[PDB]
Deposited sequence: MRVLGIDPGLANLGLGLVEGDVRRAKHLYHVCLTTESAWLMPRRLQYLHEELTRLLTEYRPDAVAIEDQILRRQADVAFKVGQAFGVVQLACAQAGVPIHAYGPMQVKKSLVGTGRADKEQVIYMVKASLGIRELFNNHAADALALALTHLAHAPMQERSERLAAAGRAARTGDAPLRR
């Protein structure tokens, strides 16, 4: 019933918490974590894991939904992959099962911003930020797919 969606990244990390059924979803919480530029990789990784860990303990989600990985550049893919493993580790440390959905799949379940208005409508709020918006989108998308 409660689900955490994560827009993964290193410079940005979008997190979104919603709760409810397939017909009805209650928005709980959303934020975009931005680790700044001039920190060593481990320091950035420490901030993302600490903050993520803090939110999984309190909100106690029952599922984590994560965006499937798409980018042709390899150094970027390695940097993005480091944040992805630290996110996958935090859930495992919390015991929260992690389901993966593709960008198209979330678009099916709800230049192009239609998606943003569908999440806003189903949670009855107002999202300026593009990263917290997709995380909520993934959280809503898990509810539809969930049996």
For this chain, which runs of the deposited sequence have no C-alpha coordinates, given in order from the N-terminus?
-> 71, 112-117, 134, 156-179
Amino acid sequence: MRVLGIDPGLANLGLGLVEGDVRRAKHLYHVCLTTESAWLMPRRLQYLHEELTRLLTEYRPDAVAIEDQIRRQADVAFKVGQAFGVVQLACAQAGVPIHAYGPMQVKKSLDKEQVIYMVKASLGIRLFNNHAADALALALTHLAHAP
From here on, numbers count along this sequence of modelled residues.
Of the two stretches 75-83 and 115-123, which shows the higher Cα B-factor on average in the entry?
-> 115-123
According to the deposited model, is the average Cα temperature factor higher in 60-68 or in 22-30?
-> 22-30
Among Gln88, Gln105, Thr53, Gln46, highest Cα B-factor in the entry goes to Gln105
Out of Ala100, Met41, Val96, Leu110, which residue has the highest Cα temperature factor in the PDB record?
-> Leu110
